[PDB]
Structures are given as structure tokens and as C-alpha cells.
Amino acid sequence: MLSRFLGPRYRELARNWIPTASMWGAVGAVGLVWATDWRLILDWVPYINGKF
Amino acid sequence: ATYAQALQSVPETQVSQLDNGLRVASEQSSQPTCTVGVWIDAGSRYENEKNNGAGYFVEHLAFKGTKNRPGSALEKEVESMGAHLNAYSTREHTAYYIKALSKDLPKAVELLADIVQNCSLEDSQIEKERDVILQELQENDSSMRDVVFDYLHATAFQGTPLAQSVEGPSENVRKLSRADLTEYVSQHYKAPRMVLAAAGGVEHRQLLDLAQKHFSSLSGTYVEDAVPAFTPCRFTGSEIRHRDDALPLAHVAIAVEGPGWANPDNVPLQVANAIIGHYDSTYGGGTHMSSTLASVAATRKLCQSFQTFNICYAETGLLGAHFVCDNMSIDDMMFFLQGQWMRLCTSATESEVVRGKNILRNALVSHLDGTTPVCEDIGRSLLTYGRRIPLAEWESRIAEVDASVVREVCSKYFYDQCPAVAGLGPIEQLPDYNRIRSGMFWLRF
Amino acid sequence: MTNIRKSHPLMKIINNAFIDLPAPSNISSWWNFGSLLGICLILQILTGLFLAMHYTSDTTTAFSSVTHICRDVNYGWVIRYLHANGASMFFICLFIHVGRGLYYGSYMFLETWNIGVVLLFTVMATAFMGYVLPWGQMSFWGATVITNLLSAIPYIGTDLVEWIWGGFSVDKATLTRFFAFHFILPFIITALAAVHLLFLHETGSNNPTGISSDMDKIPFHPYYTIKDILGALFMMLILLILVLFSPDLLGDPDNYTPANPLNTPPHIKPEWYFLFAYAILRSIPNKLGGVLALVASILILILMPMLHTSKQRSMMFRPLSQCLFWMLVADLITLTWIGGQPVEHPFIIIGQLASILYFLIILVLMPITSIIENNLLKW
Amino acid sequence: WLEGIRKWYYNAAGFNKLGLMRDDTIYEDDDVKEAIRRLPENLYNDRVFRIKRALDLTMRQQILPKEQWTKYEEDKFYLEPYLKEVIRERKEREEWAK
Amino acid sequence: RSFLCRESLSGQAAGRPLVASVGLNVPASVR
Amino acid sequence: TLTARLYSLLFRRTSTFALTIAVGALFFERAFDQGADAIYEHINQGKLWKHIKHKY
Ligand code: HEM
Ligand code: HEM
């Protein structure tokens, strides 16, 4: 577990899934911002800050 | 002597061409035997609806009789020298090859000239041959792999000549008379679309002068002006299910539109295919087989035999898999098999790519063993590619591909593409087409 | 013809559940508590309904309504104190069940263990929300303190506590929401318990010895139905002793006082079953550290399958681990005793030491002891 | 000495009291189940009888008389030769996946 | 796979002793 | 085609699909709220509080 998952093929799989996982995290961040109506972030995007 | 050094030796495929256009190509290595045959560019894809099956009739009646050689005298001469004369006809190419000794080359070329130029096409022999072809259709009805592949082509290339069966519907075979066959011979068996290929103890100069003195009468003129043109086909992602619950096993073949003959993406894709590999119940590798799907199938006794194909025509081709398994195994494989493709489209590793490269190299080298497979290679490559690709070029293109290339090409051809499922037999658990198309993409990605 | 018990789908589920379920013949009495929990749950629900049929959920008429239950409703005091003491019995059985899971290595059944942890979370939440309903001094001030703890959450803390409060303090809105959640939650607990049993049945129960009991199995019906019936009768005896003879034994007298927001009790404490965590949060000085230790004190049960290192599943054949486990139990009782006691020397030091020792045993001493254990058996 | 403490712990463990051989007490993970399946028939039958008798004894909460307890030097390691091979095979598979 | 003509039956009469063959990557074959 | 470019630029990946949906909802909420509020105020012009705050 501490070494079975630490392998060159496993590291390559991590690199393969870095874009997908990272932009999934971006998906989650943007969804959280939209759902909570986070003003601290939404105050900067144009045409959306007019809502407040 | 290393792999690269042995690869270079590779006696060349010296290629020439007469005035008519019949390309002459030979390959001398050592043997006292030689395979000599012509690879015409006929086939089912050049046959219209009314005359479909003409090529099969012509191939059937080729050896029966000629004008110069009255009949069974042809077979007597072929057997008296020990030659194993054979022929075949796919959807694209039709070929006859005398497979005999080197010393019998002058007579062997003469025999092929008679078959491919002066065919009696006798009406009586046509009528006797008519029943045989109908019998052969009843033969092929039993063979489940052949019928499932015919269903594949019918449901994938629907509305195009490619979807037509090579043998033809069992209605044209009962109406094709001498007139249709003679038109087929005089309109497809033309010198430009012919490759006189020989391999073994054959001299290129000898093959050239034999061709000059025999096949000179071949013409390239297309009657008044009727020139059959190559017609692009339309891969129509569809499905067909001939459900017959009395059959023991359920042959299921699923494919998507792969590349054409000339497309370089063939070299990476085969590697990807080699990663999935092929399995049969009588293998013995079992759970330890490198291929993920092979190990899964052997561990759980899922299927009886799955194998991947790379059917490749001129402008398009089929790419996928064909598995034979019991009734309560069809769905699971269609989950695992697709689970492989998407993984290959998203998580290809260096190790499996190296394995696929080695498998492809071994397949290419092993298939090119013996005079007849070399003759096959020359005849097919001079038509599909326009030249015979040397093994060194194959090695270079294989060395080019890597994990990134495999992932890119699989995403280009496999990911989110409508398949062409075609089943047969006790296909109940067979997932609905919407389920298959949904499985053609991965929500994590 | 087919047997209705094994053919009717409802009777089929019942049959596979507790009629012909292959159970080990050597499971000790400690397994009975499982059934007791369910039994307690059922009893609780019944009593809860008969309490919800005479209890208003308004600040003005909450406490008085409860008195009307005790003083006016025919056989009302019995239902009220049955609920109050059945909560304590529920938590006694819950703690004994968790101890049994720790001891005999039943946490190796991963899905059942996690579902049990979720059930534990839900049960403590439900009991806390229930204690607020009588609207005594203890209920009001305990709810105030507990929800004020959530203000330690970074960024979204004050908003969260104001939101849960439904205002700016514990008031009518909070009381009504607590009543509604206390009503609905036990049904969620019932569903989760059904899922717990479902996950358990795919692997079968674990015997005290740890070894697979597949060779020695008995039908559940003729033996364990009557065994759990006897266990239920004994638990009923204890619970009825509590209800009929000392109904307010495990109850703070300060609860029998209208919730006045202008006067704090001289001592503020939760119910007994909540003290073991409460004292833990008392140990950590930092406000957010208290909340983190509070949640960890229960969430650490998740790490039990991973922290296991002994080659043997159970603990019958691990004397050193047994001393460690009983040290942990004694430490838990120490924390429970300390939590009720006011914060003052020496209880500050003893509580800090108790919490430190609890975590040390759970994460460090037990795996190290198991690793030492393996070497002594040539593995 | 170390062997003295090993023998003392063997006595204090308790599974010697139920006539239980050491390897009978091991937890059954995938490696252990595969190892048990790999056992020869006689060893498997003896193991299952020992486990069943121990389960009986624990259900009735009794132990066999002093004489019929497995001793320290009569406690053979029958599962270990197969368990080590199974572990080696698993490690080889992981190293190939490495 | 049935046969009901001379052409299909042609080549089905074995004239050499049977030689079984099974591989590790190639399916079993007989002749 | 514009649709084909939109697909094999921003629709093929389901995660890119989710990101597109998230940003599209972010902008659509504002656009739809503005449009609907403007329409509703237009229908009842002079009959809402916001149209008479200036008087008082
Ligand atoms: C809502 C309260 C709960 C109910 C009604 C409940 C119900 C049951 C029942 C009836 C059993 C079978 C009898 C037994 O072995 O005890 C059981 C087994 C089990 N429960 Fe629970 N349970 C509850 C809470 C918990 C908790 C808090 C945990 C621990 C996190 C847990 C973990 C387990 C485990 C591990 C088993 C298997 C024990 C074994 O097989 O020996 N349960 N549960
Ligand atoms: C999970 C099981 C349950 C537990 C552990 C539980 C726990 C409690 C506790 C500790 C109290 C405080 C008793 C007091 O201070 O006198 C209480 C009160 C109450 N519970 Fe529950 N309860 C449960 C289920 C239910 C259910 C299902 C209902 C609704 C049907 C309910 C309705 C009430 C009511 C109305 C009160 C206020 C009466 C009172 O406090 O005496 N309870 N509950």
C-alpha cells in the first residue's frame, strides 16, 4: 500500500489523470461558488458582480 | 546478428510493370518451391445489387475449364507436377496462386494466364456450379463466425456495396447467367488492376519475361467507356440481432469505423488491439495472461473465445472485437471489453504499449513465413498500398508509437463513437444499443 | 408445492434474516446487545410517539406540557420516564456493542463497521436533539453551549451557528426544528440499521474465536431467537428497575426548571453518555481544537480496520492487547467521570492525561502491541 | 531468555487450552483462504476438526484436561509453508504491476 | 459445420496420422 | 461547422462537459433573472414599490 501504489506505472497513471482530476476540482470549485453565491469570488467576474 | 541486422537483409520485393499495366513483382530467397499468383482488384465492393455474387461464380468456374485447356486437363496438369492450385475472393481482392516448385515456373505462369484470360464460362458448367454455390451457402449458414461477420458488414456499411456479401444473396446465384459473368470478367479482370506476384526460388527477370510472353494479350480498355469507379462507403453505426435461442453460444461482434489501408494510424491501432489481445478456452494461459480482459475471462470462465480484428478496406474499415460466449455472459463482456477500450483511450501505460509493440512485431514477422504468405503480402500490398512495405519500415513505424500515440489514436477512433454491434443466437442479456453507446464514453473522463 | 416461508418474498427475506440464517454456535452473550439495540430502538419509537401526542413544541408551553404528561395524562409518567431511561439503555447497549466490535475484531467487516459508525453519529445527534425538547435549564444551556461550539469553524462558523439556531440564540425556532429532526431521525436510523444487517448477512457473524465458523453453524431460529428473548427480558428488567425505582438516577435535577435565559446553572454538563467526548473537548484549550478532538473521538473508529496489524482477528488469544483494551475502557470511564466534574485542578490535568492516553492507546499502543504480538508467535 | 518469554506467552495465549494448533488462530484474508484451499486433504480435515471442536468448547465455555493441550514443541507450523508461497506469489504480482 | 457437396468434403479425408497441438498463446489445433 | 468545433473543443470530455455546464449556469442565472425581472417590471410599470420610492 505504501509501496505497492508507489510505482513508475502508477506515477504515469497519476500524470494521465492529473488534467481530468484537476479540472474536476475546478468544476467542483466553480459549482460551490455558484451554489453558495460566494460574493468574495463573484465580485470579480464581470457582468455577474452586477447582481449584487 | 541482431534484429535490426536481420531485418535489413529481407530480400527485396523488386517490382516492375509491362506495357499493359500488369505489375510484376517477385522475391527470391533460396527455396526450390515458389508461389506464383495474380491478385485482381475485383470483389464484392465492386458488385451492384443485381449482379452481386458474380465474382464468386467466376472464381468457382475459373479452374473448371479454359479455351486452350479443355477442362479437367487443367487439373491433370496441376496435379501431375504436385502443384496445389488455390484461389480466394474477399470483398476487395480476388486472387489465384499456383503454389509449386521453382523449376515448374514457366508452366505455372502459363496455367495462370489461361485461367485469368481464357475462361470457358460454359453454360452447362455454370448450371452445375449453380447448385454447388447454393450448397456452399448452406455450409456457411452453419459457420457462426462467418454469418456474424456478414451481419457486421450488412449493419455497418448499410446502403453501400461494401455491405454486400461476397458470395451473394441466394437469389442472384439462381439468376446469374453467362452474360453477367462475362461482363464481370471483361470489366474487372483488367491488366492495370492485376499483380503477378511470385515468391521463393523465382527470378525477377524470369517472371518479367514469362509475363511478357504470356500476359501480353491482356488489355486495359474498358469496353465502350464503362469504367467502374471506386465508390466511398458510409459507416452507419447501427445494430442487428438475429436471435436464435436454440444455438449453443452467442456470437457477438462489435466494431467502430477504423482507418483505411493507407492511413498510418493503422500501425498504432493494431498495437492497441494487441494490448487487448485474443483468447480461446483452450489456451492454458488462464489467469496469468497479460491482457486484462483475457485474465478476467479466464478467471471467471466468462467467454469461450474472444478475438479482436482490424478489417481494413480502401477508404474505411472495421475495428473492434468478436466474442463467443454463453447466454449469461454477453453483458458482462460488453462491460469489460468496452471498459478496456475506454481505459486504453484514457490510461494507456508504457508497459502495455511495449507489450503491444512486441506482439505486433512478432505477428508481422511470423506471418511472413513461407513462400505463399510472402506471395500474399506482395499481391495485397501492391494493390492496397501501391508498394510492398519492407519489414524495416514496419519496424520504424512501430518504434514511432508510444503511450501518448496510442491514447491519442484510440481517443480519435474509439472514444464516443457510435459502434456497429451485430449479434446472433441466444442474445438476451445483450445490452440495448443505448447502453452500448453510453458505455462508449466514460463519465470520469 | 413450495414452503411459504422460503417462497413468499416477504417471508423469504424474514427467513434469510432471522429464521434460517447460519450463525456461529459459540457467539457469547455479548452479541445479544445487537438485538437489544434494535429492541431499544423499537421501544424508543413507540414511547416517542406517545410523547409526541401530548407535547407542544413552543417555548411558552414546552416544559409545562411535559409536566402535563407526568401529572395529568393517564399513565403518562411511565411513558415519559420510559423514554428518558430507555435513551440511557440505548447508549449503554451502543457502547457495549462498540466495545464488542473492538474486542473480537468485528471491525474487519468494513462496510458494517462504517455503517455502524454512521448509526452512532445519528444516534448521538438524535439523543442530543431530544434532550433539548423538555426545555429545562439543562436543555437550554446545553444546546446553547453545543451550538456555540460550531462558531469555532473557520470562515463559515458564525453563519452556521446562526443558521442552526434559526436566529441569534436557542429559542422557539431552534426548539421546533429540534422537535422535527428528533421526530424524523429515528426512522433514518431504522433504515440504516436495516442496511447494517444487510451488509452483515453477506459475510455472516464473527465468533469470539475469530476463526471462520463455516463448519460449525446452527439455524438462528430455534436457539438465538430464545437467547435474544432472554437478553431482551434482562434488559427490560434493568430498564424497568431504572424507570420504576430511580427514574431520575441518570438525570440532572436542574432539568426540572423552566429554561430561563437570564440565569445559568452553577454547573453545566451534558447527559452521562455525552461526557466521554465532552471532557475530551475540555482537555484541548483551543476552541477549534476542541471541536476537532470531539469529532475525532468518534471518527477514530473508522481507522480501526486499517490500524489492525495482529495476524489474529480476535483478541481472545492476545493477552497484552487485552490489557491494552481494558486500559482503554478504564480510561473511557475516567473521561466520563471527569466530564461531569467542574473544570479545576486537578481535573484539568487528569482530563488532559486521559484524552492523551486514549488517543495513544487507539493509534499507537494497540498496533505496536500487535506487532510485538506477532513476533512472539514466530510470525 | 527470549524462548522463555515465548513459551510463557504460548501458555498465556489460551488457544493451546482448546487443543488449537497455532495456525488455526490466524485471521482469514484472501491470502489465508487461498493458502487453506491449497492444503492437502488430511491437513485440511484435521484443521476443520480442530476448529469445530474448539468452537464447541468456546460455546460451552470449557477447556480440555491438562493432558490434551498442544505443547510448545508439538505446535507444528503447517499453514506457514503454503502461506509464505502465497505471499511470495502476491508480491511477485504486485512487483510486476509496479 | 456440415458438408453436402464434393467440394466441401474435398480435403476432409485424413491421410496422415493425427498430431495434437496446443500452445500457451495460440489455440489448440489437430491434424 | 460551429457545432462540431464546440463539440470537439468543449463537449467530448465529461469533465469538460461539467465545467461548461457550471459556467453556463453561472451566466444563465444572471441573464435569466435580469430578463425575467425586467419583463415583470415592464408589465406592471408604475404598480411596484420600486417605481414609487422616488415620490416618498
Ligand atoms: C443503531 C444501533 C445499532 C443497531 C440496531 C445494530 C444492529 C446490529 C445487529 C442486530 C447486529 C447483529 C448482532 C450482533 O452481532 O451484535 C449487528 C452487528 C454488528 N454491528 Fe451493529 N447495530 C448498531 C450499531 C452499531 C455500531 C455503533 C457499530 C460500530 C460502529 C456496529 C457495528 C456492528 C458490527 C461490527 C457487527 C458485527 C458483529 C459480529 O459479527 O460479531 N453496530 N448490528
Ligand atoms: C432514537 C431513539 C430516540 C432517542 C434516543 C430519544 C431520546 C430522547 C431523549 C433523551 C429525550 C429527553 C427526555 C427527557 O429529557 O425527559 C427525548 C424526548 C423526546 N422524544 Fe425522543 N428519542 C428517541 C426517539 C423518539 C421518537 C421516534 C420520537 C417521536 C415519535 C420522540 C419524541 C420525543 C419527544 C416528544 C420528546 C419530549 C418529551 C420528553 O422530553 O420527555 N423520540 N428523546
# chains A, B, ... in the order shown; residues from 1 in each chain; ligands from 1
>>> interface_residues(of="chain D", to="chain C", cutoff="7 Å", atoms="only C-alpha atoms", output="VMD selection string")
chain D and resid 6 13 to 15 25 to 27 52 55 to 56 58 to 59
>>> write_last_selection(atoms="N, CA and C atoms", output="compact mmCIF listing (two decimals), in the first residue's frame")
# COMPACT_ATOMS: atom_id res chain seq x y z
N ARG D 6 8.75 -16.55 25.11
CA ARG D 6 7.89 -17.12 24.07
C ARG D 6 7.04 -18.26 24.63
N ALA D 13 -1.54 -17.59 26.08
CA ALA D 13 -2.32 -17.18 24.92
C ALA D 13 -3.74 -17.71 25.01
N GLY D 14 -3.89 -19.00 25.33
CA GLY D 14 -5.16 -19.61 25.55
C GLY D 14 -5.61 -20.58 24.48
N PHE D 15 -5.12 -20.42 23.25
CA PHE D 15 -5.56 -21.35 22.21
C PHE D 15 -4.92 -22.72 22.36
N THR D 25 -5.47 -20.26 14.50
CA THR D 25 -5.94 -18.99 15.05
C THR D 25 -5.74 -17.81 14.11
N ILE D 26 -5.12 -18.01 12.95
CA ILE D 26 -4.82 -16.88 12.08
C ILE D 26 -6.11 -16.33 11.48
N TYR D 27 -6.12 -15.02 11.25
CA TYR D 27 -7.22 -14.40 10.52
C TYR D 27 -7.21 -14.89 9.08
N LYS D 52 -13.69 -26.98 14.69
CA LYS D 52 -15.05 -27.27 15.13
C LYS D 52 -15.08 -27.64 16.61
N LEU D 55 -14.63 -24.53 18.64
CA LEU D 55 -15.86 -23.76 18.65
C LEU D 55 -16.87 -24.34 19.63
N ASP D 56 -16.99 -25.67 19.65
CA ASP D 56 -17.84 -26.32 20.65
C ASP D 56 -17.40 -25.93 22.05
N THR D 58 -15.69 -23.38 23.16
CA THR D 58 -15.97 -21.99 23.49
C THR D 58 -17.47 -21.73 23.65
N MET D 59 -18.31 -22.46 22.92
CA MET D 59 -19.75 -22.32 23.13
C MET D 59 -20.15 -22.81 24.51
>>> residues_near_ligand(ligand="ligand 1", cutoff="8 Å", atoms="only C-alpha atoms and all ligand atoms", output="VMD selection string")
chain C and resid 27 30 to 39 41 94 to 95 97 to 98 100 to 101 104 to 110 112 to 120 123 189 to 190 192 to 194 196 to 197 200 204 to 208 301
>>> interface_residues(of="chain E", to="chain B", cutoff="6 Å", atoms="only C-alpha atoms", output="list in words")
residues 1, 2, 24, 27 and 28 of chain E
>>> write_last_selection(atoms="N, CA, C and O atoms", output="PDB file, in the first residue's frame")
ATOM      1  N   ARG E   1     -20.346 -27.506 -38.406  1.00  0.00           N
ATOM      2  CA  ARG E   1     -20.104 -27.152 -39.799  1.00  0.00           C
ATOM      3  C   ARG E   1     -20.344 -28.355 -40.700  1.00  0.00           C
ATOM      4  O   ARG E   1     -19.505 -29.247 -40.795  1.00  0.00           O
ATOM      5  N   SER E   2     -21.498 -28.374 -41.361  1.00  0.00           N
ATOM      6  CA  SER E   2     -21.888 -29.510 -42.179  1.00  0.00           C
ATOM      7  C   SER E   2     -21.175 -29.476 -43.528  1.00  0.00           C
ATOM      8  O   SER E   2     -20.405 -28.563 -43.835  1.00  0.00           O
ATOM      9  N   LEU E  24       0.430 -21.923 -25.593  1.00  0.00           N
ATOM     10  CA  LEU E  24       0.136 -21.060 -24.460  1.00  0.00           C
ATOM     11  C   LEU E  24      -0.497 -19.748 -24.879  1.00  0.00           C
ATOM     12  O   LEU E  24      -1.233 -19.152 -24.092  1.00  0.00           O
ATOM     13  N   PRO E  27      -4.445 -21.054 -29.996  1.00  0.00           N
ATOM     14  CA  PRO E  27      -5.458 -22.072 -29.690  1.00  0.00           C
ATOM     15  C   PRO E  27      -5.011 -23.459 -30.125  1.00  0.00           C
ATOM     16  O   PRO E  27      -4.156 -23.633 -30.995  1.00  0.00           O
ATOM     17  N   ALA E  28      -5.613 -24.461 -29.491  1.00  0.00           N
ATOM     18  CA  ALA E  28      -5.277 -25.847 -29.780  1.00  0.00           C
ATOM     19  C   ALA E  28      -5.676 -26.217 -31.204  1.00  0.00           C
ATOM     20  O   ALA E  28      -6.678 -25.739 -31.740  1.00  0.00           O
TER      21      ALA E  28
END
>>> interface_residues(of="chain A", to="chain C", cutoff="12 Å", atoms="only C-alpha atoms", output="count of residues only")
4
>>> residues_near_ligand(ligand="ligand 2", cutoff="6 Å", atoms="only C-alpha atoms and all ligand atoms", output="list in words")
residues 41, 44, 45, 48, 49, 51, 52, 55, 80, 84, 87, 123, 126, 127, 130, 131, 133, 134, 182, 183 and 186 of chain C
>>> write_last_selection(atoms="C-alpha atoms", output="short mmCIF file (atom, residue, chain, number, x, y, z; two decimals), in the first residue's frame")
data_model
loop_
_atom_site.label_atom_id
_atom_site.label_comp_id
_atom_site.auth_asym_id
_atom_site.auth_seq_id
_atom_site.Cartn_x
_atom_site.Cartn_y
_atom_site.Cartn_z
CA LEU C 41 -34.92 1.41 19.17
CA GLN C 44 -37.99 4.16 21.94
CA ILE C 45 -40.04 4.80 18.82
CA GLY C 48 -41.60 8.64 21.38
CA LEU C 49 -44.91 8.56 19.55
CA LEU C 51 -44.77 11.50 23.90
CA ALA C 52 -45.31 13.40 20.65
CA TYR C 55 -46.05 17.61 23.70
CA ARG C 80 -42.01 9.81 29.86
CA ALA C 84 -35.78 9.07 29.38
CA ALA C 87 -32.21 6.52 25.99
CA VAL C 123 -27.91 8.21 17.47
CA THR C 126 -30.90 12.29 17.86
CA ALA C 127 -30.38 11.98 21.61
CA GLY C 130 -34.22 15.03 22.17
CA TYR C 131 -32.70 16.31 25.40
CA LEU C 133 -37.18 19.16 23.93
CA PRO C 134 -38.22 19.27 27.64
CA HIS C 182 -35.92 14.33 16.62
CA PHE C 183 -39.12 13.00 15.09
CA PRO C 186 -35.04 7.54 14.24
#
>>> interface_residues(of="chain D", to="chain A", cutoff="8 Å", atoms="only C-alpha atoms", output="short mmCIF file (atom, residue, chain, number, x, y, z; two decimals) with C-alpha atoms, in the first residue's frame")
data_model
loop_
_atom_site.label_atom_id
_atom_site.label_comp_id
_atom_site.auth_asym_id
_atom_site.auth_seq_id
_atom_site.Cartn_x
_atom_site.Cartn_y
_atom_site.Cartn_z
CA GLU D 94 2.45 -6.53 -7.31
CA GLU D 95 6.07 -6.15 -8.43
CA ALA D 97 2.30 -4.24 -11.61
CA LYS D 98 4.96 -1.98 -10.04
#
>>> atom_distance(atom1="atom CA of residue 239 of chain C", atom2="atom CA of residue 91 of chain C")
12.1 Å
>>> select_by_dssp(residues="chain E", states="alpha helix (DSSP H)", output="VMD selection string")
chain E and resid 6 to 9
>>> write_last_selection(atoms="N, CA and C atoms", output="mmCIF file, in the first residue's frame")
data_model
loop_
_atom_site.group_PDB
_atom_site.id
_atom_site.type_symbol
_atom_site.label_atom_id
_atom_site.label_comp_id
_atom_site.auth_asym_id
_atom_site.auth_seq_id
_atom_site.Cartn_x
_atom_site.Cartn_y
_atom_site.Cartn_z
ATOM 1 N N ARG E 6 -19.223 -32.386 -52.884
ATOM 2 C CA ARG E 6 -17.870 -32.916 -53.030
ATOM 3 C C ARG E 6 -16.824 -31.854 -52.719
ATOM 4 N N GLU E 7 -17.056 -30.623 -53.173
ATOM 5 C CA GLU E 7 -16.078 -29.556 -52.986
ATOM 6 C C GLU E 7 -15.854 -29.258 -51.509
ATOM 7 N N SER E 8 -16.923 -29.259 -50.712
ATOM 8 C CA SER E 8 -16.764 -29.026 -49.281
ATOM 9 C C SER E 8 -16.090 -30.209 -48.597
ATOM 10 N N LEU E 9 -16.464 -31.435 -48.970
ATOM 11 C CA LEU E 9 -15.824 -32.610 -48.385
ATOM 12 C C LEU E 9 -14.393 -32.786 -48.868
#
>>> residues_around(residues="segment 152-168 of chain C", least_positions_apart="2", cutoff="12 Å", atoms="only C-alpha atoms", output="PyMOL selection string")
(chain A and resi 36+38+40) or (chain C and resi 129+140+143-150+170-178+181+286-292)
>>> atom_distance(atom1="atom CA of residue 270 of chain C", atom2="atom CA of residue 231 of chain C")
29.0 Å
>>> residues_around(residues="residue 341 of chain C", least_positions_apart="3", cutoff="12 Å", atoms="only C-alpha atoms", output="JSON, numbers by chain")
{"C": [266, 267, 268, 269, 270, 272, 275, 276, 278, 279, 282, 334, 335, 336, 337, 338, 344, 345, 346, 347, 348, 350, 351]}
>>> interface_residues(of="chain A", to="chain F", cutoff="9 Å", atoms="only C-alpha atoms", output="list in words")
residues 20, 21, 23, 24, 26, 27, 28, 30, 31, 34, 47, 48, 50 and 51 of chain A
>>> interface_residues(of="chain B", to="chain A", cutoff="9 Å", atoms="only C-alpha atoms", output="list in words")
residues 346, 347, 348, 349, 350, 351, 444 and 445 of chain B
>>> write_last_selection(atoms="N, CA and C atoms", output="PDB file, in the first residue's frame")
ATOM      1  N   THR B 346      -7.789   6.345 -22.243  1.00  0.00           N
ATOM      2  CA  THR B 346      -7.529   7.310 -21.184  1.00  0.00           C
ATOM      3  C   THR B 346      -6.362   6.962 -20.275  1.00  0.00           C
ATOM      4  N   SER B 347      -5.984   5.693 -20.148  1.00  0.00           N
ATOM      5  CA  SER B 347      -4.963   5.300 -19.181  1.00  0.00           C
ATOM      6  C   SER B 347      -4.003   4.284 -19.783  1.00  0.00           C
ATOM      7  N   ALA B 348      -3.553   4.524 -21.009  1.00  0.00           N
ATOM      8  CA  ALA B 348      -2.571   3.639 -21.618  1.00  0.00           C
ATOM      9  C   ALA B 348      -1.219   3.794 -20.931  1.00  0.00           C
ATOM     10  N   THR B 349      -0.576   2.669 -20.635  1.00  0.00           N
ATOM     11  CA  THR B 349       0.695   2.664 -19.926  1.00  0.00           C
ATOM     12  C   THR B 349       1.833   2.279 -20.860  1.00  0.00           C
ATOM     13  N   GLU B 350       3.050   2.656 -20.466  1.00  0.00           N
ATOM     14  CA  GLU B 350       4.218   2.310 -21.270  1.00  0.00           C
ATOM     15  C   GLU B 350       4.393   0.803 -21.368  1.00  0.00           C
ATOM     16  N   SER B 351       4.129   0.082 -20.277  1.00  0.00           N
ATOM     17  CA  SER B 351       4.363  -1.357 -20.274  1.00  0.00           C
ATOM     18  C   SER B 351       3.471  -2.067 -21.286  1.00  0.00           C
ATOM     19  N   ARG B 444     -16.041   9.526 -15.797  1.00  0.00           N
ATOM     20  CA  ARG B 444     -14.924  10.069 -15.033  1.00  0.00           C
ATOM     21  C   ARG B 444     -14.093  11.012 -15.889  1.00  0.00           C
ATOM     22  N   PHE B 445     -13.825  10.624 -17.129  1.00  0.00           N
ATOM     23  CA  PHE B 445     -13.081  11.460 -18.060  1.00  0.00           C
ATOM     24  C   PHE B 445     -13.918  12.639 -18.530  1.00  0.00           C
TER      25      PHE B 445
END
>>> atom_distance(atom1="atom CA of residue 261 of chain C", atom2="atom CA of residue 81 of chain C")
25.7 Å
